[PDB]
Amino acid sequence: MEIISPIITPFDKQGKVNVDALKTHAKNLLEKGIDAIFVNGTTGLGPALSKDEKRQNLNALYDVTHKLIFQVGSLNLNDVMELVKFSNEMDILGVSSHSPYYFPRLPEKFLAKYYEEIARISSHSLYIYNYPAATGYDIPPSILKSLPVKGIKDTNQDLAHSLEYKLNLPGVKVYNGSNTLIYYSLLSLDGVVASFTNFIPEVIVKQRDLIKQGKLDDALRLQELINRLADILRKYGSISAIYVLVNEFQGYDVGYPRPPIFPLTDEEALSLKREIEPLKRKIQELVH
């Protein structure tokens, strides 16, 4: 049961990526039980990162671990291809991309051709990043049956949808990307790619371990807490909230996100800490 972290990309006050905080943060997650790192995913501001930034994120993480899934999506297939050729030169877990996005009403064959070109050029295992709420498109198994897919990261609240990939694509690994369904994913899928692993890795790791021991109720109870957190963070902007919580829960600074993904202001950050305090107490009591 794989616990993958869509690692955040630390930015400094001027919006420049801080590769040193990225490395510090990555080491801590690995050390705390995270099995692999999804680089440049939604949580790492993927589509907000230029091609050079995506590449620099992979280079910096490659010093910490080779268990990296490199997300290379952009609205210019040339830049996507460039990153792929670059990644073929490295020893990583695989390359990934979300579907084309923004543009509405694109034919389905456009989605199929995009990935088909990634597969033609890549020498790495293909990981499909399916996030309909973000891209506006759901990638069905129809399209994937041709491609040499190794894994699918499915950010979707419908578990049967994730499970349908398992069913229709023998051999492919499926991981659900929702924080509020971790428990369920660990009881049916090949793992999770959950953003909350950035600030509470030991908690998600504890869920997996409790499930391996057969203590579901303990795992479920931890999910209640995770879900209550989810509700609180929505108000402040989840991704921007995570930056604050990584400092609070893990003891080191990971900077700020980059606008339009606005950082929480000091009044907002303090308001968040006050509001999650009761949940933090409960968590650190059941996990440590």
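All residue numbers are counted from 1 along the displayed sequence.
**Q.** Average Cα temperature factor in the PDB entry - higher stretch of 19-27, 260-268
**A.** The stretch with the larger average C-alpha B-factor is 260-268.
Q) Per the entry, where is the mean C-alpha temperature factor higher: 114-122 or 139-147? A) It is 139-147 that shows the higher mean C-alpha B-factor.
Q: Select one of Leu167, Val192, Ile92, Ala160: the residue whose C-alpha shows the highest B-factor in the crystal structure entry.
A: By C-alpha B-factor in the record, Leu167 ranks first.
Q: Please pick out which of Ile211, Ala133, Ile152, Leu181 has the largest Cα B-factor as recorded in the entry.
A: Each of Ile211, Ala133, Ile152, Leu181 was compared by C-alpha B-factor; the highest is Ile211.
(Q) Which third, lowest, middle or highest, does the C-alpha temperature factor of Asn198 belong to within its own chain? (A) Middle third of the chain for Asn198's C-alpha B-factor.
Q | Ranked against its chain, the third holding the CA B-factor of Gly171 | A | Ranked within chain, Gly171 CA B lands in the lowest tercile.
Q) For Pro100, does the deposited CA B-factor place it in the lowest, middle or highest third of the chain? A) It falls in the bottom third of the chain.
Q. Going by what the PDB entry lists, where does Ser74 fall on CA B-factor within its chain: lowest, middle or highest third?
A. Tercile = middle for this residue's CA B-factor.
Q: Comparing against every modelled residue in the chain, figure out the third that the C-alpha B-factor of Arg221 lands in (lowest, middle or highest).
A: For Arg221, whose C-alpha B-factor we compare with every modelled residue in the chain, the answer is the highest third.
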